file input.txt (compact mmCIF, C-alpha atoms (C1' of nucleotides) and all ligand atoms)
# COMPACT_ATOMS: atom_id res chain seq x y z
CA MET S 1 7.67 7.46 -45.67
CA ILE S 2 6.87 3.73 -46.12
CA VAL S 3 3.31 2.26 -46.19
CA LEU S 4 2.29 -1.31 -45.26
CA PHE S 5 -1.39 -1.70 -46.20
CA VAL S 6 -3.58 -4.70 -45.27
CA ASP S 7 -6.76 -6.18 -46.89
CA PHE S 8 -8.63 -8.90 -44.98
CA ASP S 9 -9.42 -11.47 -47.64
CA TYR S 10 -13.00 -12.38 -48.57
CA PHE S 11 -13.53 -11.29 -45.00
CA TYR S 12 -17.21 -12.09 -44.40
CA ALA S 13 -16.78 -15.33 -46.30
CA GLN S 14 -13.56 -16.18 -44.50
CA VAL S 15 -14.79 -15.34 -40.99
CA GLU S 16 -17.54 -17.95 -41.40
CA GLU S 17 -14.80 -20.43 -42.48
CA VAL S 18 -13.02 -19.75 -39.19
CA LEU S 19 -16.35 -20.20 -37.40
CA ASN S 20 -16.66 -23.68 -38.91
CA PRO S 21 -13.58 -24.82 -40.89
CA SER S 22 -15.75 -27.48 -42.52
CA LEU S 23 -16.15 -24.76 -45.14
CA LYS S 24 -12.47 -23.96 -45.78
CA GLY S 25 -12.22 -25.93 -48.99
CA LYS S 26 -15.75 -25.39 -50.22
CA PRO S 27 -17.43 -22.51 -52.15
CA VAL S 28 -19.06 -20.04 -49.80
CA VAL S 29 -21.64 -17.36 -50.54
CA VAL S 30 -22.67 -14.97 -47.79
CA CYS S 31 -25.93 -13.22 -48.58
CA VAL S 32 -28.78 -11.05 -47.34
CA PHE S 33 -32.08 -12.75 -48.19
CA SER S 34 -34.73 -10.07 -48.75
CA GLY S 35 -37.50 -12.41 -47.60
CA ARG S 36 -39.95 -11.66 -50.43
CA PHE S 37 -39.78 -15.01 -52.17
CA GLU S 38 -37.75 -18.15 -51.40
CA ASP S 39 -34.06 -17.40 -52.07
CA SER S 40 -34.71 -13.75 -52.96
CA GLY S 41 -32.07 -11.18 -52.06
CA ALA S 42 -28.41 -10.81 -53.04
CA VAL S 43 -24.87 -12.09 -52.47
CA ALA S 44 -22.86 -10.13 -49.88
CA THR S 45 -19.52 -11.76 -50.68
CA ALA S 46 -18.06 -15.05 -51.90
CA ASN S 47 -14.76 -16.82 -51.27
CA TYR S 48 -12.39 -17.83 -54.05
CA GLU S 49 -14.04 -21.16 -54.62
CA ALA S 50 -17.38 -19.48 -55.29
CA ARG S 51 -15.90 -16.41 -56.93
CA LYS S 52 -13.68 -18.47 -59.23
CA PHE S 53 -16.97 -19.26 -61.03
CA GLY S 54 -18.75 -15.93 -61.38
CA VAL S 55 -20.36 -15.69 -57.96
CA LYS S 56 -19.66 -12.20 -56.69
CA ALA S 57 -21.62 -9.71 -54.61
CA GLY S 58 -24.59 -7.72 -55.84
CA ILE S 59 -25.74 -10.54 -58.10
CA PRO S 60 -29.04 -12.20 -57.25
CA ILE S 61 -28.84 -15.26 -55.02
CA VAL S 62 -31.04 -17.11 -57.51
CA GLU S 63 -28.58 -16.49 -60.34
CA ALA S 64 -25.96 -17.80 -57.94
CA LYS S 65 -27.77 -21.03 -57.12
CA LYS S 66 -27.91 -21.32 -60.90
CA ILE S 67 -24.14 -21.36 -61.39
CA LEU S 68 -23.09 -23.10 -58.17
CA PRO S 69 -26.22 -24.96 -56.95
CA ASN S 70 -24.21 -26.90 -54.38
CA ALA S 71 -22.49 -24.02 -52.60
CA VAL S 72 -22.94 -23.22 -48.94
CA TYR S 73 -25.38 -20.37 -48.61
CA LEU S 74 -25.13 -18.54 -45.28
CA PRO S 75 -26.98 -15.43 -44.25
CA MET S 76 -24.74 -12.53 -43.34
CA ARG S 77 -23.86 -11.69 -39.73
CA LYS S 78 -22.19 -8.26 -39.53
CA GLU S 79 -21.70 -8.05 -35.74
CA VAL S 80 -19.47 -11.11 -35.64
CA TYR S 81 -17.43 -10.02 -38.68
CA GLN S 82 -17.25 -6.66 -36.95
CA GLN S 83 -15.58 -7.97 -33.78
CA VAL S 84 -13.31 -10.47 -35.56
CA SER S 85 -12.18 -7.26 -37.24
CA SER S 86 -11.60 -5.24 -34.11
CA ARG S 87 -9.70 -8.12 -32.50
CA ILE S 88 -7.48 -7.99 -35.60
CA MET S 89 -7.27 -4.21 -35.98
CA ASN S 90 -6.06 -3.77 -32.38
CA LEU S 91 -3.54 -6.45 -33.32
CA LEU S 92 -2.12 -4.06 -35.92
CA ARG S 93 -1.85 -0.95 -33.78
CA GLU S 94 0.98 -2.64 -31.86
CA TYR S 95 2.92 -1.85 -35.04
CA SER S 96 2.14 1.91 -35.15
CA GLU S 97 -0.33 4.06 -33.19
CA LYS S 98 -0.78 5.96 -36.44
CA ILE S 99 -2.71 3.45 -38.51
CA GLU S 100 -5.64 4.22 -40.79
CA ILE S 101 -8.73 2.05 -40.61
CA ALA S 102 -10.30 2.54 -44.05
CA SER S 103 -12.82 -0.28 -44.12
CA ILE S 104 -13.63 -3.31 -42.01
CA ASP S 105 -11.11 -5.29 -44.09
CA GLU S 106 -8.60 -2.46 -44.50
CA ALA S 107 -6.06 -0.77 -42.29
CA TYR S 108 -3.38 1.78 -43.14
CA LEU S 109 0.03 2.02 -41.47
CA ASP S 110 3.29 3.96 -41.84
CA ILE S 111 6.16 1.86 -40.51
CA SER S 112 8.54 4.63 -41.68
CA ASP S 113 10.16 4.17 -38.28
CA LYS S 114 9.81 0.47 -37.61
CA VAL S 115 11.11 -0.13 -41.13
CA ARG S 116 13.32 1.98 -43.37
CA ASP S 117 14.38 0.31 -46.66
CA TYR S 118 12.08 -2.20 -48.44
CA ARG S 119 13.37 -5.75 -47.96
CA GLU S 120 12.93 -4.74 -44.32
CA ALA S 121 9.32 -3.72 -44.98
CA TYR S 122 8.75 -6.95 -46.89
CA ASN S 123 9.43 -8.79 -43.63
CA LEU S 124 7.27 -6.68 -41.34
CA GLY S 125 4.91 -8.02 -43.99
CA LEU S 126 5.16 -11.75 -43.35
CA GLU S 127 5.35 -10.94 -39.63
CA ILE S 128 2.07 -8.99 -39.44
CA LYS S 129 0.81 -11.40 -42.09
CA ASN S 130 1.90 -14.54 -40.21
CA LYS S 131 0.59 -13.29 -36.85
CA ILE S 132 -2.95 -12.21 -37.78
CA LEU S 133 -2.76 -15.59 -39.50
CA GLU S 134 -2.14 -17.31 -36.15
CA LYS S 135 -4.30 -15.30 -33.76
CA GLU S 136 -7.65 -15.02 -35.52
CA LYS S 137 -6.83 -17.67 -38.11
CA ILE S 138 -7.44 -14.99 -40.75
CA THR S 139 -5.18 -14.68 -43.82
CA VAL S 140 -4.62 -11.20 -45.26
CA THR S 141 -2.86 -9.63 -48.19
CA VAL S 142 -0.10 -7.10 -47.62
CA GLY S 143 0.84 -4.27 -49.95
CA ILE S 144 4.03 -2.24 -49.81
CA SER S 145 4.96 1.00 -51.56
CA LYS S 146 5.48 4.80 -51.31
CA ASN S 147 1.89 5.97 -50.59
CA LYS S 148 -1.48 4.58 -49.51
CA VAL S 149 -2.74 4.28 -53.11
CA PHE S 150 0.04 2.14 -54.58
CA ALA S 151 -0.32 0.14 -51.40
CA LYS S 152 -3.81 -0.93 -52.45
CA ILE S 153 -2.64 -1.73 -55.93
CA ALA S 154 0.03 -3.71 -54.18
CA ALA S 155 -2.36 -5.90 -52.21
CA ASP S 156 -4.72 -5.77 -55.19
CA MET S 157 -2.32 -7.42 -57.64
CA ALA S 158 -1.17 -10.02 -55.13
CA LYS S 159 -4.25 -10.92 -53.06
CA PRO S 160 -5.42 -13.19 -51.57
CA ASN S 161 -2.96 -14.54 -48.97
CA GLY S 162 -0.34 -12.85 -51.07
CA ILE S 163 2.27 -10.17 -50.64
CA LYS S 164 3.99 -7.63 -52.88
CA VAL S 165 6.13 -4.51 -52.69
CA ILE S 166 6.40 -1.68 -55.24
CA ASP S 167 9.89 -0.11 -55.23
CA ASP S 168 9.75 3.61 -55.97
CA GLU S 169 11.08 2.53 -59.37
CA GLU S 170 7.86 0.56 -59.92
CA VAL S 171 5.58 3.42 -58.79
CA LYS S 172 6.84 4.77 -62.10
CA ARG S 173 6.47 1.78 -64.43
CA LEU S 174 2.84 1.37 -63.46
CA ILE S 175 2.02 5.05 -63.82
CA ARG S 176 2.32 4.39 -67.55
CA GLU S 177 1.29 0.71 -67.57
CA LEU S 178 -1.67 0.44 -65.14
CA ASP S 179 -5.17 0.84 -66.65
CA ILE S 180 -7.14 3.69 -65.06
CA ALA S 181 -9.97 1.53 -63.71
CA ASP S 182 -7.65 -0.50 -61.46
CA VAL S 183 -6.91 2.82 -59.76
CA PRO S 184 -8.29 3.13 -56.18
CA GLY S 185 -11.20 5.53 -56.23
CA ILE S 186 -12.02 4.52 -59.74
CA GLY S 187 -15.23 2.62 -60.26
CA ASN S 188 -16.90 1.87 -63.58
CA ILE S 189 -18.92 5.10 -63.76
CA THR S 190 -15.70 7.06 -63.52
CA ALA S 191 -13.48 4.71 -65.51
CA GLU S 192 -15.70 5.60 -68.46
CA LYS S 193 -15.97 9.37 -68.47
CA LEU S 194 -12.20 9.14 -68.33
CA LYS S 195 -12.02 6.77 -71.32
CA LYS S 196 -14.33 9.21 -73.11
CA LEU S 197 -11.81 11.97 -72.58
CA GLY S 198 -9.30 9.55 -73.99
CA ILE S 199 -7.50 8.50 -70.81
CA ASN S 200 -6.64 4.88 -70.00
CA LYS S 201 -3.32 4.44 -68.22
CA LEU S 202 -2.65 6.60 -65.16
CA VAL S 203 -0.16 9.07 -66.67
CA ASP S 204 -2.58 9.89 -69.46
CA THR S 205 -4.36 12.27 -67.01
CA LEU S 206 -2.11 15.19 -67.93
CA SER S 207 -2.72 15.02 -71.67
CA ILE S 208 -6.33 16.21 -71.58
CA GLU S 209 -7.22 19.75 -70.42
CA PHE S 210 -7.63 20.23 -66.66
CA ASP S 211 -11.01 21.91 -67.05
CA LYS S 212 -11.80 18.85 -69.16
CA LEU S 213 -11.31 16.77 -65.99
CA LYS S 214 -13.08 19.03 -63.48
CA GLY S 215 -16.32 18.97 -65.44
CA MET S 216 -16.31 15.24 -66.08
CA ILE S 217 -15.05 13.83 -62.79
CA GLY S 218 -15.14 16.72 -60.34
CA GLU S 219 -12.00 18.54 -59.25
CA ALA S 220 -11.26 16.50 -56.16
CA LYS S 221 -10.85 13.52 -58.47
CA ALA S 222 -8.95 15.57 -61.04
CA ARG S 223 -6.34 16.83 -58.58
CA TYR S 224 -6.26 13.29 -57.25
CA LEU S 225 -5.43 11.52 -60.51
CA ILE S 226 -3.15 14.38 -61.61
CA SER S 227 -1.11 13.98 -58.41
CA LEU S 228 -0.46 10.24 -58.55
CA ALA S 229 0.52 10.75 -62.17
CA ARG S 230 3.40 12.98 -61.04
CA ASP S 231 4.60 10.50 -58.36
CA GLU S 232 3.89 13.39 -55.96
CA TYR S 233 0.66 12.28 -54.25
CA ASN S 234 2.24 11.40 -50.87
CA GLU S 235 -0.56 11.71 -48.30
CA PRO S 236 -0.59 11.14 -44.50
CA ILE S 237 -2.09 8.13 -42.80
CA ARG S 238 -5.04 9.22 -40.69
CA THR S 239 -6.79 7.36 -37.93
CA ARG S 240 -10.15 8.18 -39.69
CA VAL S 241 -13.68 8.03 -38.15
CA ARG S 242 -17.08 6.66 -39.20
CA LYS S 243 -19.32 9.68 -39.55
CA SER S 244 -22.74 8.25 -40.31
CA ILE S 245 -24.76 5.14 -39.47
CA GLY S 246 -27.89 3.53 -40.83
CA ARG S 247 -29.98 0.50 -41.69
CA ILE S 248 -31.94 -0.15 -44.88
CA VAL S 249 -34.59 -2.83 -44.54
CA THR S 250 -36.37 -4.65 -47.38
CA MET S 251 -40.15 -4.49 -48.01
CA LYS S 252 -41.79 -7.89 -48.13
CA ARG S 253 -43.55 -6.38 -51.17
CA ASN S 254 -43.44 -2.93 -52.76
CA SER S 255 -45.44 -0.39 -50.76
CA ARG S 256 -46.48 3.20 -51.39
CA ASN S 257 -48.81 3.28 -48.38
CA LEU S 258 -47.34 5.22 -45.44
CA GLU S 259 -48.47 2.49 -43.00
CA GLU S 260 -47.14 -0.64 -44.67
CA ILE S 261 -43.86 1.27 -44.70
CA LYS S 262 -43.93 2.53 -41.09
CA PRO S 263 -43.25 -0.87 -39.46
CA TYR S 264 -40.11 -0.98 -41.61
CA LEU S 265 -38.87 2.56 -40.97
CA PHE S 266 -38.97 1.84 -37.25
CA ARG S 267 -37.08 -1.47 -37.47
CA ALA S 268 -34.56 0.77 -39.27
CA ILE S 269 -34.40 3.37 -36.50
CA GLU S 270 -34.04 0.84 -33.70
CA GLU S 271 -31.46 -1.03 -35.77
CA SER S 272 -29.61 2.28 -36.03
CA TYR S 273 -29.97 3.53 -32.51
CA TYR S 274 -28.54 0.27 -31.35
CA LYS S 275 -25.62 0.49 -33.82
CA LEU S 276 -25.40 4.21 -32.95
CA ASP S 277 -24.84 3.37 -29.29
CA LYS S 278 -23.69 6.49 -27.41
CA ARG S 279 -23.64 8.81 -30.44
CA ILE S 280 -25.92 11.81 -30.73
CA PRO S 281 -26.86 12.49 -34.40
CA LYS S 282 -27.66 16.17 -35.00
CA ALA S 283 -28.83 15.23 -38.50
CA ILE S 284 -31.13 12.53 -39.92
CA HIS S 285 -32.02 11.31 -43.39
CA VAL S 286 -34.52 8.83 -44.78
CA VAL S 287 -33.54 6.73 -47.76
CA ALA S 288 -36.12 4.98 -49.92
CA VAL S 289 -35.43 2.82 -52.99
CA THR S 290 -37.92 3.38 -55.80
CA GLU S 291 -39.17 0.09 -57.25
CA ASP S 292 -37.31 0.50 -60.54
CA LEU S 293 -34.29 0.61 -58.25
CA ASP S 294 -33.73 4.36 -58.11
CA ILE S 295 -32.81 6.11 -54.86
CA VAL S 296 -34.36 9.21 -53.35
CA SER S 297 -33.63 10.39 -49.82
CA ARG S 298 -34.56 13.32 -47.61
CA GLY S 299 -32.94 14.83 -44.56
CA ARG S 300 -32.93 17.46 -41.84
CA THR S 301 -30.33 18.74 -39.41
CA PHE S 302 -31.29 19.95 -35.93
CA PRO S 303 -29.51 22.43 -33.58
CA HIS S 304 -29.30 19.59 -31.06
CA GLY S 305 -29.02 15.81 -30.86
CA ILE S 306 -31.81 13.48 -31.92
CA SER S 307 -33.76 11.67 -29.20
CA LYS S 308 -35.16 8.35 -30.41
CA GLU S 309 -38.59 10.03 -30.19
CA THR S 310 -37.56 12.84 -32.49
CA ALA S 311 -36.11 9.99 -34.58
CA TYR S 312 -39.60 8.55 -35.28
CA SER S 313 -41.47 11.87 -35.38
CA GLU S 314 -39.34 13.47 -38.11
CA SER S 315 -38.62 10.09 -39.58
CA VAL S 316 -42.24 9.89 -40.62
CA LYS S 317 -42.20 13.52 -41.80
CA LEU S 318 -39.48 12.77 -44.37
CA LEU S 319 -40.92 9.52 -45.78
CA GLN S 320 -44.14 11.42 -46.47
CA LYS S 321 -42.47 14.21 -48.46
CA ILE S 322 -40.95 11.44 -50.60
CA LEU S 323 -44.24 9.61 -51.10
CA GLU S 324 -45.28 13.13 -52.11
CA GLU S 325 -42.45 14.55 -54.26
CA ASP S 326 -42.34 11.13 -55.99
CA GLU S 327 -44.77 8.48 -57.20
CA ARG S 328 -42.81 5.27 -57.72
CA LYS S 329 -43.45 2.53 -55.15
CA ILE S 330 -40.79 1.51 -52.59
CA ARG S 331 -38.73 -1.72 -52.46
CA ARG S 332 -36.14 -0.59 -49.90
CA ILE S 333 -36.55 1.92 -47.03
CA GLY S 334 -33.98 2.93 -44.45
CA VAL S 335 -32.59 5.67 -42.21
CA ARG S 336 -29.17 7.41 -42.11
CA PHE S 337 -27.92 9.25 -39.03
CA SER S 338 -25.09 11.71 -39.35
CA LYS S 339 -23.19 14.66 -37.93
CA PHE S 340 -22.67 13.50 -34.38
CA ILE S 341 -21.84 15.72 -31.41
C1' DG Q 1 -17.52 36.64 -54.92
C1' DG Q 2 -17.56 33.37 -51.44
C1' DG Q 3 -17.65 31.51 -46.92
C1' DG Q 4 -20.75 28.47 -43.91
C1' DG Q 5 -23.76 25.16 -44.67
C1' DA Q 6 -27.62 22.21 -45.82
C1' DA Q 7 -29.53 18.79 -49.07
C1' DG Q 8 -30.29 15.36 -52.37
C1' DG Q 9 -28.49 12.68 -55.75
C1' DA Q 10 -24.02 9.88 -57.48
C1' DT Q 11 -20.48 6.83 -57.27
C1' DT Q 12 -17.39 3.36 -54.79
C1' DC Q 13 -17.12 -1.00 -52.93
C1' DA K 1 -33.01 -11.61 -60.09
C1' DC K 2 -31.20 -6.51 -58.75
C1' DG K 3 -28.87 -6.53 -50.60
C1' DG K 4 -26.22 -3.02 -47.82
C1' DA K 5 -23.26 0.43 -45.56
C1' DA K 6 -20.87 4.92 -46.21
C1' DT K 7 -19.28 8.53 -48.24
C1' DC K 8 -18.41 11.50 -52.41
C1' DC K 9 -19.93 15.41 -55.49
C1' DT K 10 -22.71 19.20 -57.28
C1' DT K 11 -25.94 22.28 -56.24
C1' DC K 12 -28.92 26.24 -53.59
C1' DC K 13 -29.09 29.47 -50.15
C1' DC K 14 -28.25 32.83 -46.70
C1' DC K 15 -26.31 36.99 -45.56
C1' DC K 16 -21.81 39.43 -45.30
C1 LIG J 401 -17.77 -4.06 -56.46
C2 LIG J 401 -18.83 -4.31 -55.39
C3 LIG J 401 -18.43 -4.78 -54.11
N1 LIG J 401 -19.39 -5.04 -53.11
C4 LIG J 401 -19.02 -5.66 -51.92
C5 LIG J 401 -18.61 -7.05 -52.40
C6 LIG J 401 -17.08 -7.11 -52.28
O1 LIG J 401 -16.80 -8.26 -51.47
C7 LIG J 401 -16.74 -5.84 -51.50
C8 LIG J 401 -15.45 -5.22 -52.04
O2 LIG J 401 -14.36 -6.10 -51.77
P1 LIG J 401 -12.91 -5.76 -52.37
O3 LIG J 401 -12.16 -4.91 -51.22
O4 LIG J 401 -12.99 -5.06 -53.67
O5 LIG J 401 -12.15 -7.17 -52.44
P2 LIG J 401 -11.90 -7.92 -51.04
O6 LIG J 401 -11.66 -9.38 -51.16
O7 LIG J 401 -10.70 -7.13 -50.33
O8 LIG J 401 -13.21 -7.59 -50.17
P3 LIG J 401 -13.73 -8.75 -49.19
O9 LIG J 401 -12.47 -9.06 -48.24
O10 LIG J 401 -14.95 -8.40 -48.44
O11 LIG J 401 -13.90 -10.04 -50.13
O12 LIG J 401 -17.82 -4.93 -51.69
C9 LIG J 401 -20.73 -4.82 -53.39
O13 LIG J 401 -21.58 -5.06 -52.53
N2 LIG J 401 -21.15 -4.35 -54.66
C10 LIG J 401 -20.18 -4.11 -55.64
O14 LIG J 401 -20.52 -3.70 -56.74
MG MG J 402 -11.29 -7.47 -48.02
MG MG J 403 -13.33 -4.50 -49.00
MG MG J 404 -11.80 0.73 -59.75
call {"tool": "encode", "arguments": {"input": "input.txt", "output": "structure tokens", "more": "lines below"}}
Ligand SMILES: Cc1cn([C@H]2C[C@H](O)[C@@H](COP(=O)(O)OP(=O)(O)OP(=O)(O)O)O2)c(=O)[nH]c1=O
Ligand SMILES: [Mg+2]
Ligand SMILES: [Mg+2]
Ligand SMILES: [Mg+2]
result
Amino acid sequence: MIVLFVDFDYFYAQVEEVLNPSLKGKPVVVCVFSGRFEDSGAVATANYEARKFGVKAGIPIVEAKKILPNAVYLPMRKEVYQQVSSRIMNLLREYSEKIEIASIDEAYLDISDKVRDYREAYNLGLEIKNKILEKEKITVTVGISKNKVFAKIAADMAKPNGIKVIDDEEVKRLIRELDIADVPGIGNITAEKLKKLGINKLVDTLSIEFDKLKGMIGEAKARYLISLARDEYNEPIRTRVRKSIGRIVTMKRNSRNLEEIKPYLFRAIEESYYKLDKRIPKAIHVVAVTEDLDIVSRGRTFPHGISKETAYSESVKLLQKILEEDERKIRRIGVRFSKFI
DNA sequence: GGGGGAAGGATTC
DNA sequence: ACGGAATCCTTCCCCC
């Protein structure tokens, strides 16, 4: 089994560069303005010109304008980046019908047939790499190794517009070299608990007691990190399917009043039923961000699909129980739709 | 004990 | 200043 993974580079940012090359060369910050005050909101993603200076996503736009005050600031446009993705994704399937679409900028393959040996994989690299680079004008990093995981680390250590392969011999040198945070599935919150147990490099996950993992990072994670440590891991590529949809609007100003919220909750439903197109959600949730940025949702599954009417009716029933079980005000309010039929 | 779920909060990206 | 989309994990319950 041989895996050729692909990460679309600074995708949102890049797309816009393809939709107006005048940018390709300049710093570019894509961001969702919340509308409250001028330039309020956050960065969605930044290219390497803007990132190479501290501008990354999640950070306030204002802080951004503070570091790079002469960068192009463009609102985000998901739809477009969503199709420029599909046009590309379909352009990968003609390389294996068994590909795994992880994200919008990630696809998983298994050219175990198409390519046995590595140097041979390394070429199916520049050939999938050179083609998506000539059809949609997009440049993407390629990662090659034994499983899906070391495939990310592959593209991770060589992106952007890069390439790298990890001989099975290397999937062994990094098990003891690679920090634990650079491990796919590991985010800061987890890279800590682990450091608190003592762990740092992959391999260190066998030292500590197994019940010492379970309790600190869950067992799914435990078995997960244990596996890769033994070179075993080896998991099958899987077509994968989105199993939830939802929008999360931003209050012009914090609101605790069930009527100032309403107009928002409904922009969220519509902007979910449209994205939902042809999917019947048996379950629905309501997410609401408490002013001091804490989240608190509510839900409810039905024995049948949810008609847009039910979608408002119960939508309002859940927001209320929040405004009730809690007391903070609300900065963000959305709606999740899951468990389709 | 645990399967079959439902829910709300947590963590990743 | 502190968006946004999804899923991952731990918990509670029901009735066998
Ligand atoms: C880490 C992090 C990422 N994100 C968004 C911003 C990053 O661009 C994205 C993760 O990207 P990555 O996949 O980590 O890097 P990338 O270049 O492959 O992604 P992209 O092609 O979009 O640039 O997730 C957040 O919104 N908050 C976060 O804390
Ligand atoms: Mg990407
Ligand atoms: Mg990504
Ligand atoms: Mg990580």
call {"tool": "interface_residues", "arguments": {"input": "input.txt", "of": "chain K", "to": "chain S", "cutoff": "10 Å", "atoms": "only C-alpha atoms (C1' of nucleotides)", "output": "PyMOL selection string"}}
result
chain K and resi 1-10
call {"tool": "residues_near_ligand", "arguments": {"input": "input.txt", "ligand": "ligand LIG 401 (chain J)", "cutoff": "10 Å", "atoms": "all atoms listed in the file", "output": "JSON, numbers by chain"}}
result
{"S": [6, 7, 8, 9, 10, 11, 12, 13, 14, 15, 30, 42, 43, 44, 45, 46, 47, 48, 51, 56, 57, 58, 59, 103, 104, 105, 106, 140, 141, 152, 155, 156, 159, 160, 184, 187, 188], "Q": [12, 13], "K": [3, 4, 5]}
call {"tool": "closest_atom_pairs", "arguments": {"input": "input.txt", "of": "chain Q", "to": "chain S", "cutoff": "9 Å", "atoms": "only C-alpha atoms (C1' of nucleotides)", "output": "JSON lines"}}
result
{"residue": "Q:6", "atom": "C1'", "partner": "S:301", "partner_atom": "CA", "distance": 7.8}
{"residue": "Q:7", "atom": "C1'", "partner": "S:299", "partner_atom": "CA", "distance": 6.9}
{"residue": "Q:8", "atom": "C1'", "partner": "S:297", "partner_atom": "CA", "distance": 6.5}
{"residue": "Q:9", "atom": "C1'", "partner": "S:296", "partner_atom": "CA", "distance": 7.2}
{"residue": "Q:11", "atom": "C1'", "partner": "S:189", "partner_atom": "CA", "distance": 6.9}
{"residue": "Q:12", "atom": "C1'", "partner": "S:187", "partner_atom": "CA", "distance": 5.9}
{"residue": "Q:13", "atom": "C1'", "partner": "S:187", "partner_atom": "CA", "distance": 8.4}
call {"tool": "atom_distance", "arguments": {"input": "input.txt", "atom1": "CA of residue 147 (chain S)", "atom2": "CA of residue 177 (chain S)"}}
result
17.8 Å
call {"tool": "residues_around", "arguments": {"input": "input.txt", "residues": "residue 5 (chain Q)", "least_positions_apart": "6", "cutoff": "12 Å", "atoms": "all atoms listed in the file", "output": "PyMOL selection string"}}
result
(chain S and resi 301) or (chain K and resi 12-14)
call {"tool": "closest_residue", "arguments": {"input": "input.txt", "among": "S:307, S:119, S:107, S:213", "to": "ligand MG 403 (chain J)", "atoms": "all atoms listed in the file"}}
result
S:107
call {"tool": "build_atoms", "arguments": {"input": "input.txt", "residues": "region 229-241 of chain S", "atoms": "N, CA, C and O atoms", "output": "PDB file, in the coordinates of the input"}}
result
ATOM      1  N   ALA S 229      -0.153  10.806 -60.882  1.00  0.00           N
ATOM      2  CA  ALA S 229       0.520  10.750 -62.170  1.00  0.00           C
ATOM      3  C   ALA S 229       1.926  11.349 -62.069  1.00  0.00           C
ATOM      4  O   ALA S 229       2.836  10.925 -62.768  1.00  0.00           O
ATOM      5  N   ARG S 230       2.100  12.333 -61.197  1.00  0.00           N
ATOM      6  CA  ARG S 230       3.400  12.980 -61.040  1.00  0.00           C
ATOM      7  C   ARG S 230       4.280  12.360 -59.943  1.00  0.00           C
ATOM      8  O   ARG S 230       5.308  12.929 -59.576  1.00  0.00           O
ATOM      9  N   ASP S 231       3.878  11.201 -59.429  1.00  0.00           N
ATOM     10  CA  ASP S 231       4.600  10.500 -58.360  1.00  0.00           C
ATOM     11  C   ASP S 231       4.538  11.307 -57.063  1.00  0.00           C
ATOM     12  O   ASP S 231       4.946  10.819 -56.002  1.00  0.00           O
ATOM     13  N   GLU S 232       4.018  12.531 -57.142  1.00  0.00           N
ATOM     14  CA  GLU S 232       3.890  13.390 -55.960  1.00  0.00           C
ATOM     15  C   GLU S 232       2.971  12.755 -54.916  1.00  0.00           C
ATOM     16  O   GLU S 232       3.438  12.203 -53.923  1.00  0.00           O
ATOM     17  N   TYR S 233       1.666  12.834 -55.157  1.00  0.00           N
ATOM     18  CA  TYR S 233       0.660  12.280 -54.250  1.00  0.00           C
ATOM     19  C   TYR S 233       1.081  12.407 -52.789  1.00  0.00           C
ATOM     20  O   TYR S 233       0.787  13.425 -52.149  1.00  0.00           O
ATOM     21  N   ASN S 234       1.750  11.377 -52.259  1.00  0.00           N
ATOM     22  CA  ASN S 234       2.240  11.400 -50.870  1.00  0.00           C
ATOM     23  C   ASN S 234       1.244  12.036 -49.901  1.00  0.00           C
ATOM     24  O   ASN S 234       1.222  13.258 -49.747  1.00  0.00           O
ATOM     25  N   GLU S 235       0.450  11.211 -49.230  1.00  0.00           N
ATOM     26  CA  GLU S 235      -0.560  11.710 -48.300  1.00  0.00           C
ATOM     27  C   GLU S 235      -0.390  11.020 -46.940  1.00  0.00           C
ATOM     28  O   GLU S 235       0.039   9.871 -46.876  1.00  0.00           O
ATOM     29  N   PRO S 236      -0.722  11.717 -45.839  1.00  0.00           N
ATOM     30  CA  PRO S 236      -0.590  11.140 -44.500  1.00  0.00           C
ATOM     31  C   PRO S 236      -1.648  10.183 -44.026  1.00  0.00           C
ATOM     32  O   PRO S 236      -2.840  10.399 -44.240  1.00  0.00           O
ATOM     33  N   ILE S 237      -1.195   9.120 -43.372  1.00  0.00           N
ATOM     34  CA  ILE S 237      -2.090   8.130 -42.800  1.00  0.00           C
ATOM     35  C   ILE S 237      -2.919   8.868 -41.744  1.00  0.00           C
ATOM     36  O   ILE S 237      -2.413   9.738 -41.029  1.00  0.00           O
ATOM     37  N   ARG S 238      -4.195   8.538 -41.648  1.00  0.00           N
ATOM     38  CA  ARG S 238      -5.040   9.220 -40.690  1.00  0.00           C
ATOM     39  C   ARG S 238      -6.041   8.283 -40.066  1.00  0.00           C
ATOM     40  O   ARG S 238      -6.857   7.652 -40.740  1.00  0.00           O
ATOM     41  N   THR S 239      -5.945   8.201 -38.751  1.00  0.00           N
ATOM     42  CA  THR S 239      -6.790   7.360 -37.930  1.00  0.00           C
ATOM     43  C   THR S 239      -8.214   7.145 -38.468  1.00  0.00           C
ATOM     44  O   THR S 239      -8.762   6.048 -38.324  1.00  0.00           O
ATOM     45  N   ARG S 240      -8.791   8.189 -39.080  1.00  0.00           N
ATOM     46  CA  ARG S 240     -10.150   8.180 -39.690  1.00  0.00           C
ATOM     47  C   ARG S 240     -11.339   7.748 -38.789  1.00  0.00           C
ATOM     48  O   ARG S 240     -11.201   6.852 -37.962  1.00  0.00           O
ATOM     49  N   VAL S 241     -12.506   8.370 -38.970  1.00  0.00           N
ATOM     50  CA  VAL S 241     -13.680   8.030 -38.150  1.00  0.00           C
ATOM     51  C   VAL S 241     -15.051   7.963 -38.851  1.00  0.00           C
ATOM     52  O   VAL S 241     -15.460   8.882 -39.560  1.00  0.00           O
TER      53      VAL S 241
END
